[PDB]
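Asks: Supplied structure: input-v5.pdb, PDB, N, CA and C atoms.
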MODEL        1
ATOM      1  N   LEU A   1     -28.083 150.927-159.802
ATOM      2  CA  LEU A   1     -28.043 149.612-159.120
ATOM      3  C   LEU A   1     -29.315 149.390-158.308
ATOM      4  N   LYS A   2     -30.415 149.130-159.006
ATOM      5  CA  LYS A   2     -31.701 148.908-158.357
ATOM      6  C   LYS A   2     -32.347 147.621-158.861
ATOM      7  N   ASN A   3     -31.535 146.599-159.087
ATOM      8  CA  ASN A   3     -32.039 145.319-159.581
ATOM      9  C   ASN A   3     -32.928 144.654-158.536
ATOM     10  N   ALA A   4     -32.627 144.915-157.269
ATOM     11  CA  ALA A   4     -33.424 144.398-156.161
ATOM     12  C   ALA A   4     -34.830 144.991-156.182
ATOM     13  N   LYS A   5     -34.962 146.156-156.805
ATOM     14  CA  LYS A   5     -36.246 146.840-156.906
ATOM     15  C   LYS A   5     -37.153 146.113-157.886
ATOM     16  N   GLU A   6     -36.626 145.835-159.066
ATOM     17  CA  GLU A   6     -37.384 145.127-160.083
ATOM     18  C   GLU A   6     -37.641 143.691-159.650
ATOM     19  N   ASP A   7     -36.676 143.095-158.947
ATOM     20  CA  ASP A   7     -36.878 141.772-158.365
ATOM     21  C   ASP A   7     -37.964 141.818-157.298
ATOM     22  N   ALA A   8     -38.007 142.907-156.536
ATOM     23  CA  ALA A   8     -39.046 143.088-155.529
ATOM     24  C   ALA A   8     -40.421 143.110-156.183
ATOM     25  N   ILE A   9     -40.536 143.864-157.269
ATOM     26  CA  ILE A   9     -41.787 143.958-158.012
ATOM     27  C   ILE A   9     -42.153 142.608-158.636
ATOM     28  N   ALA A  10     -41.158 141.930-159.199
ATOM     29  CA  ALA A  10     -41.367 140.622-159.810
ATOM     30  C   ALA A  10     -41.793 139.594-158.764
ATOM     31  N   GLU A  11     -41.173 139.674-157.594
ATOM     32  CA  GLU A  11     -41.470 138.776-156.490
ATOM     33  C   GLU A  11     -42.867 139.065-155.942
ATOM     34  N   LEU A  12     -43.239 140.339-155.965
ATOM     35  CA  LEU A  12     -44.567 140.771-155.552
ATOM     36  C   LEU A  12     -45.621 140.199-156.510
ATOM     37  N   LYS A  13     -45.315 140.240-157.808
ATOM     38  CA  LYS A  13     -46.176 139.632-158.822
ATOM     39  C   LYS A  13     -46.242 138.123-158.621
ATOM     40  N   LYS A  14     -45.111 137.542-158.234
ATOM     41  CA  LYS A  14     -45.032 136.114-157.962
ATOM     42  C   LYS A  14     -45.905 135.756-156.760
ATOM     43  N   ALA A  15     -45.958 136.659-155.782
ATOM     44  CA  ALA A  15     -46.812 136.470-154.617
ATOM     45  C   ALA A  15     -48.281 136.533-155.023
ATOM     46  N   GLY A  16     -48.586 137.389-155.989
ATOM     47  CA  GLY A  16     -49.940 137.471-156.507
ATOM     48  C   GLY A  16     -50.560 138.835-156.295
ATOM     49  N   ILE A  17     -49.752 139.775-155.830
ATOM     50  CA  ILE A  17     -50.219 141.122-155.562
ATOM     51  C   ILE A  17     -50.106 141.965-156.828
ATOM     52  N   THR A  18     -51.205 142.044-157.559
ATOM     53  CA  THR A  18     -51.212 142.651-158.877
ATOM     54  C   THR A  18     -51.909 144.011-158.879
ATOM     55  N   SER A  19     -51.158 145.057-158.567
ATOM     56  CA  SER A  19     -51.678 146.420-158.617
ATOM     57  C   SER A  19     -50.541 147.402-158.895
ATOM     58  N   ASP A  20     -50.679 148.168-159.975
ATOM     59  CA  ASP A  20     -49.614 149.056-160.444
ATOM     60  C   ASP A  20     -49.336 150.182-159.452
ATOM     61  N   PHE A  21     -50.303 150.470-158.590
ATOM     62  CA  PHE A  21     -50.130 151.487-157.557
ATOM     63  C   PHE A  21     -48.951 151.130-156.644
ATOM     64  N   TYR A  22     -48.847 149.854-156.282
ATOM     65  CA  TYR A  22     -47.754 149.391-155.439
ATOM     66  C   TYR A  22     -46.437 149.434-156.202
ATOM     67  N   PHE A  23     -46.505 149.205-157.510
ATOM     68  CA  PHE A  23     -45.312 149.237-158.351
ATOM     69  C   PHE A  23     -44.784 150.664-158.431
ATOM     70  N   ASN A  24     -45.706 151.622-158.519
ATOM     71  CA  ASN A  24     -45.349 153.039-158.481
ATOM     72  C   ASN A  24     -44.695 153.377-157.147
ATOM     73  N   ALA A  25     -45.247 152.837-156.062
ATOM     74  CA  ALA A  25     -44.689 153.053-154.728
ATOM     75  C   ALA A  25     -43.257 152.532-154.641
ATOM     76  N   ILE A  26     -43.068 151.283-155.053
ATOM     77  CA  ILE A  26     -41.757 150.647-155.015
ATOM     78  C   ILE A  26     -40.763 151.386-155.913
ATOM     79  N   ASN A  27     -41.235 151.872-157.054
ATOM     80  CA  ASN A  27     -40.367 152.599-157.974
ATOM     81  C   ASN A  27     -40.098 154.018-157.469
ATOM     82  N   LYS A  28     -40.999 154.530-156.639
ATOM     83  CA  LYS A  28     -40.832 155.853-156.045
ATOM     84  C   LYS A  28     -39.834 155.794-154.890
ATOM     85  N   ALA A  29     -39.726 154.618-154.270
ATOM     86  CA  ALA A  29     -38.768 154.393-153.190
ATOM     87  C   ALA A  29     -37.356 154.785-153.615
ATOM     88  N   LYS A  30     -36.712 155.611-152.800
ATOM     89  CA  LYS A  30     -35.402 156.155-153.133
ATOM     90  C   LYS A  30     -34.293 155.121-152.940
ATOM     91  N   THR A  31     -34.442 154.255-151.946
ATOM     92  CA  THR A  31     -33.382 153.314-151.614
ATOM     93  C   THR A  31     -33.885 151.870-151.662
ATOM     94  N   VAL A  32     -32.959 150.917-151.740
ATOM     95  CA  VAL A  32     -33.322 149.504-151.756
ATOM     96  C   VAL A  32     -33.998 149.108-150.444
ATOM     97  N   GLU A  33     -33.518 149.669-149.335
ATOM     98  CA  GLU A  33     -34.117 149.410-148.031
ATOM     99  C   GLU A  33     -35.583 149.841-148.019
ATOM    100  N   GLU A  34     -35.865 151.026-148.567
ATOM    101  CA  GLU A  34     -37.241 151.495-148.697
ATOM    102  C   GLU A  34     -38.047 150.522-149.543
ATOM    103  N   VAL A  35     -37.446 150.074-150.638
ATOM    104  CA  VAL A  35     -38.069 149.095-151.522
ATOM    105  C   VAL A  35     -38.479 147.838-150.756
ATOM    106  N   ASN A  36     -37.550 147.294-149.981
ATOM    107  CA  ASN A  36     -37.799 146.072-149.219
ATOM    108  C   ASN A  36     -38.850 146.309-148.141
ATOM    109  N   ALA A  37     -38.752 147.450-147.470
ATOM    110  CA  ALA A  37     -39.713 147.824-146.443
ATOM    111  C   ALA A  37     -41.119 147.919-147.027
ATOM    112  N   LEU A  38     -41.223 148.560-148.185
ATOM    113  CA  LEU A  38     -42.493 148.696-148.883
ATOM    114  C   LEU A  38     -43.033 147.326-149.262
ATOM    115  N   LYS A  39     -42.190 146.515-149.894
ATOM    116  CA  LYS A  39     -42.575 145.170-150.315
ATOM    117  C   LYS A  39     -43.099 144.357-149.132
ATOM    118  N   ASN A  40     -42.433 144.479-147.986
ATOM    119  CA  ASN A  40     -42.829 143.735-146.792
ATOM    120  C   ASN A  40     -44.169 144.237-146.256
ATOM    121  N   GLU A  41     -44.357 145.555-146.253
ATOM    122  CA  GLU A  41     -45.614 146.147-145.795
ATOM    123  C   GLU A  41     -46.763 145.710-146.708
ATOM    124  N   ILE A  42     -46.515 145.772-148.012
ATOM    125  CA  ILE A  42     -47.486 145.362-149.020
ATOM    126  C   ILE A  42     -47.830 143.881-148.853
ATOM    127  N   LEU A  43     -46.792 143.073-148.669
ATOM    128  CA  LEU A  43     -46.952 141.645-148.459
ATOM    129  C   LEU A  43     -47.839 141.389-147.249
ATOM    130  N   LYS A  44     -47.456 141.942-146.103
ATOM    131  CA  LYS A  44     -48.222 141.764-144.873
ATOM    132  C   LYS A  44     -49.656 142.260-145.040
ATOM    133  N   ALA A  45     -49.831 143.289-145.863
ATOM    134  CA  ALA A  45     -51.150 143.859-146.100
ATOM    135  C   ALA A  45     -52.045 142.911-146.898
ATOM    136  N   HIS A  46     -51.468 142.181-147.849
ATOM    137  CA  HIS A  46     -52.271 141.286-148.690
ATOM    138  C   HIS A  46     -51.907 139.812-148.496
ATOM    139  N   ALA A  47     -51.234 139.499-147.398
ATOM    140  CA  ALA A  47     -50.915 138.117-147.066
ATOM    141  C   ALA A  47     -52.085 137.455-146.349
TER     142      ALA A  47
ENDMDL
END
What's the structure tokens form of this structure?
Replies:
Amino acid sequence: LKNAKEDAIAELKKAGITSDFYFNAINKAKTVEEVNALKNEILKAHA
């Protein structure tokens, strides 16, 4: 049950942040909360 993870990555692509390194990070994240935290950090980093 990690659909929020792939949605996070898709949403990240939608934002325009195109780097597989971040996708590896998000996929390495053990929990959905980690996924969201990562996505938010990445977002703030390239916002």
Asks: I'd like the contact shell of residue 2 (chain A) - 12 Å cut-off, only C-alpha atoms, skipping same-chain residues fewer than 5 positions apart - returned as a list in words.
Replies: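 Returned residues: residues 7, 8, 9, 26, 27, 28, 29, 30, 31, 32, 33, 34, 35 and 36 of chain A.
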Asks: Can you spit out the residues from that selection as a compact mmCIF listing (two decimals), keeping the file's coordinate frame, using N, CA and C atoms?
Replies:
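Generated output (out29.txt):
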# COMPACT_ATOMS: atom_id res chain seq x y z
N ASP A 7 -36.68 143.10 -158.95
CA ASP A 7 -36.88 141.77 -158.36
C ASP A 7 -37.96 141.82 -157.30
N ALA A 8 -38.01 142.91 -156.54
CA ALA A 8 -39.05 143.09 -155.53
C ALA A 8 -40.42 143.11 -156.18
N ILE A 9 -40.54 143.86 -157.27
CA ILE A 9 -41.79 143.96 -158.01
C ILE A 9 -42.15 142.61 -158.64
N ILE A 26 -43.07 151.28 -155.05
CA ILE A 26 -41.76 150.65 -155.01
C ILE A 26 -40.76 151.39 -155.91
N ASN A 27 -41.24 151.87 -157.05
CA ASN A 27 -40.37 152.60 -157.97
C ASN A 27 -40.10 154.02 -157.47
N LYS A 28 -41.00 154.53 -156.64
CA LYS A 28 -40.83 155.85 -156.04
C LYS A 28 -39.83 155.79 -154.89
N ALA A 29 -39.73 154.62 -154.27
CA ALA A 29 -38.77 154.39 -153.19
C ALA A 29 -37.36 154.78 -153.62
N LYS A 30 -36.71 155.61 -152.80
CA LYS A 30 -35.40 156.16 -153.13
C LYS A 30 -34.29 155.12 -152.94
N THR A 31 -34.44 154.26 -151.95
CA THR A 31 -33.38 153.31 -151.61
C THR A 31 -33.88 151.87 -151.66
N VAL A 32 -32.96 150.92 -151.74
CA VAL A 32 -33.32 149.50 -151.76
C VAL A 32 -34.00 149.11 -150.44
N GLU A 33 -33.52 149.67 -149.34
CA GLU A 33 -34.12 149.41 -148.03
C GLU A 33 -35.58 149.84 -148.02
N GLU A 34 -35.86 151.03 -148.57
CA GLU A 34 -37.24 151.50 -148.70
C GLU A 34 -38.05 150.52 -149.54
N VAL A 35 -37.45 150.07 -150.64
CA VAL A 35 -38.07 149.10 -151.52
C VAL A 35 -38.48 147.84 -150.76
N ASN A 36 -37.55 147.29 -149.98
CA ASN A 36 -37.80 146.07 -149.22
C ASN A 36 -38.85 146.31 -148.14
Asks: Do you have the CA of residue 17 (chain A)-CA of residue 42 (chain A) distance handy?
Replies: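 Interatomic distance here is 8.3 Å.
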Asks: Got a sec: who's within 8 Å of residue 16 (chain A), counting all atoms listed in the file, leaving out chain neighbours fewer than 5 positions off, as a list in words?
Replies: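 The residues satisfying every condition are residues 10, 11 and 46 of chain A.
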Asks: Kindly give the distance, in Å, that separates atom C of residue 24 (chain A) and atom N of residue 47 (chain A), rounded to a single decimal.
Replies: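 Computing it gives 18.2 Å between the two atoms.
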Asks: By how many Å are CA of residue 15 (chain A) and CA of residue 3 (chain A) apart?
Replies: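 Atom-to-atom, CA of residue 15 (chain A) and CA of residue 3 (chain A) are spaced 17.9 Å apart.
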Asks: Between A:25, A:20, A:13, A:4, which residue has the minimum interatomic distance to residue 38 (chain A), considering all atoms listed in the file?
Replies: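 Nearest to residue 38 (chain A): A:25.
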Asks: Could you please write out, as a PyMOL selection string, every residue of chain A that DSSP assigns to helix (DSSP H, G or I)?
Replies: chain A and resi 3-15+20-28+32-46
